[PDB]
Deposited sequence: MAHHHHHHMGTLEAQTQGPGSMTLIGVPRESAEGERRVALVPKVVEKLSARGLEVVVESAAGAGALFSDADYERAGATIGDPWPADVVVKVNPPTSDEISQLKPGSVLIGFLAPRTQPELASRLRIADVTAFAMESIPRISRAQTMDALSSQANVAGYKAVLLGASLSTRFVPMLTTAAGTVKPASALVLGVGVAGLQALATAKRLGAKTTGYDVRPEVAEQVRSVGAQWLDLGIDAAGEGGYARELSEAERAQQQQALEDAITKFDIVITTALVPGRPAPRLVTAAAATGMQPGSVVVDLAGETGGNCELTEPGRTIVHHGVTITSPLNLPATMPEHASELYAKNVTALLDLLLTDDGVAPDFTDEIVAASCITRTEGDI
């Protein structure tokens, strides 16, 4: 590993607090003989110091000309300009929403792997960055809902009075939605999950939530109306549904939100692509007819040490495929390597 240098930059995006490698993971790479260069204050968002990285065997310095640069968010034009020809870049590279990025990296002679493009196969389970970040997001979505609510989540019997538990509904039960159900349940909520994919029922039940069953043309309208009616009954509604490269599916109409009791909260995780809720204002928290509608845009950044640690393990699992005793040598017959590389033509 001594001839291979891995570079970790500070994330430049507004509000970002994650860093692509954390000191514990850097320590493992150093122990294997790889050289790691970490940009000064790269870990500052996650409350790490430069000394933490140096203790893990890194040097503090310019990360951009490394043989392999590992980062979180897509690189800016100015960042790409600093990559050296023949290098590898690993990170979220927005293959759907930033298609020019692939072109730019190819022109720069950088071989680049998009973490979003890691295929959903058994061998890649440890490399699934979309899932690790979504786990953090689902957990923090519940904390945000509970923090904005005007009411307790758990049932409590106090000397002053008794209160019923909150009912929480999660719409879209992928990784974030499942973690939201689990976290809401921990906190004492009565929980219900809904997803257009029927096979998700088992997962919803496995975390102790009720599976919402609604009951083609005039039937589809009865269904939409049944979903709208169901939403009005909940104190906390968390929406998570995405379509890669497309607007977020509309799941919470204006009427549904308006029909919720005062002090209820809708936590819409889909704000970057338009929101699942018609009344969502991306990146803001607003009140509509006494109902709080909030649209966090980067929940992983709000819990940045564990978001970064999990992400770092995802990135290093992929990197381990790319490394041989000879240094950096991606095997393009490996499905994971071929599927995630955005620069190969």
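Absent C-alpha positions map to the deposited sequence ranges 1-19, 235-247, 378-381, in order along the chain.
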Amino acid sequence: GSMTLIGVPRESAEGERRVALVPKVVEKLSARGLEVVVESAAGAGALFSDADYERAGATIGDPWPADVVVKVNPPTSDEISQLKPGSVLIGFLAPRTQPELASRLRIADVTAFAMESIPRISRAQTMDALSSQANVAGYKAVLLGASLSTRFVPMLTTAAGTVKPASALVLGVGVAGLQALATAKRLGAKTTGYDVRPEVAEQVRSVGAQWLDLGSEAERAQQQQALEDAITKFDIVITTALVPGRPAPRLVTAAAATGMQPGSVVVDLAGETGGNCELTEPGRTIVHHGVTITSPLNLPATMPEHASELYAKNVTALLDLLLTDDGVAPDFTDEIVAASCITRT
From here on, numbers count along this sequence of modelled residues.
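For the pair 316-324 and 301-309, the record assigns the higher mean C-alpha temperature factor to 316-324. Stretches 65-73 and 280-288 differ in mean C-alpha B factor, with the higher average recorded for 280-288. Listed residues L212, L148, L89, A184 were ranked by CA B-factor as deposited; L212 comes out on top. Highest CA B-factor among the listed residues (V142, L130, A189, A256): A256. For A218, the recorded CA temperature factor ranks within the highest third of the chain's modelled residues. Compared with the other modelled residues of the chain, the Cα B-factor recorded for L34 ranks in the highest third. Ranked within its chain, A176 lands in the lowest third, by CA B factor from the PDB record. Residue-level temperature factors show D268 in the lowest third of its chain, judged at the C-alpha atom.
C341: CA B factor lies in the middle third for its chain, per the PDB record.
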